[PDB]
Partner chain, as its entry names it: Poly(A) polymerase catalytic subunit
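Just the one chain here, the form deposited without its partner chain, laid out as structure tokens.
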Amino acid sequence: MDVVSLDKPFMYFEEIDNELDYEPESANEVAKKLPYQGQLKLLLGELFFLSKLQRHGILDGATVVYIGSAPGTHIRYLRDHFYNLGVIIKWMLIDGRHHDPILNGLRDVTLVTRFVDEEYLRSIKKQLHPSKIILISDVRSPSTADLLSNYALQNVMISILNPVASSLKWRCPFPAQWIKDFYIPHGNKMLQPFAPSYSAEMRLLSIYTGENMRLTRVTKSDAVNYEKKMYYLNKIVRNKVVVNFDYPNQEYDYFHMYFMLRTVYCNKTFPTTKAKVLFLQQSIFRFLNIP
């Protein structure tokens, strides 16, 4: 068995302290180990992001515009969680594909069947006025050309919608398929437990102050670093059993999940953080139909 003792998990990309040369053979390895693993990955990250905004007092009264929201099964859990806490939020889910019917019939959630473009963003901005906007993007076209187009669209989402905060899908093009340098919003690179086994994807979390929008250039040398840091995390770290983590599941991803869930607010008062987390995890897995 692959045992180890850890203090905390890598919560952000910047904390990864080592790297490994990417082995193309990893692409053939088992990518997922749990049913609806993708919904779980998304739910944990967005719950983490949203609970942070609650902490800063920027969630209440906002309209969450989620682009690339379909099927969006996990979004029903998020909506219920904050709705039950007494937080007032309006949800606007936009995608060209159809959403999970469990999202229907809620006065606080609007479903839109449309593929967004710059022109549409303008029209919704005019209509959402004067509500504060929280942007969540999970759009998917891939090729480096596909990625660049998605990232360009994501920057336009921020420029046109002018959100108070945002969570953006972020995966750096692989160096071997580099095309040209580009810019992304400055923010924290939140790492994702339950991401596919060898995925280099993370979520860019940003909070906007004043009327400023700070961007950061991404170069091919940055791309090499992303590839090696993420490969080390995936090949080595995520395959660790944290034996000093007293929890029903000691695998790294559960240890990491624990640290994200401990930041979530609940109506029910618990005697220990461990108690709250086991409760939240149980609740989450039951909702998604994960054993």
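Residue numbers count along the first chain shown, from 1.
One more form of this protein should be noted, the form solved in complex with its partner chain, which is absent from this view; the next part is about it.
Taking non-hydrogen atoms only, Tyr208 approaches its partner chain to within 4.5 angstroms in the bound PDB entry.
Proximity of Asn188 to its partner chain in the bound PDB entry falls within the 4.5 Å heavy atom cutoff. Taking non-hydrogen atoms only, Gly61 approaches its partner chain to within 4.5 angstroms in the bound PDB entry. Contact annotation: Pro248 falls outside 4.5 Å of its partner chain in the bound PDB entry, judged by heavy atom distances. This chain is displayed without its partner chain, yet in the bound PDB entry the stretch 104-112 from 104-112, 191-199, 167-175, 67-75 comes within 4.5 Å of it by heavy atoms. Shown without its partner, this chain lists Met92, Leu153, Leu128, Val139 as candidates; in the bound PDB entry, only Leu128 has a non-hydrogen atom within 4.5 angstroms of its partner chain. Using a 4.5 Å cut-off on any heavy atom, the residues of 249-285 that reach its partner chain in the bound PDB entry are, in sequence order, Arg262, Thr263, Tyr265, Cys266, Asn267, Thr269.
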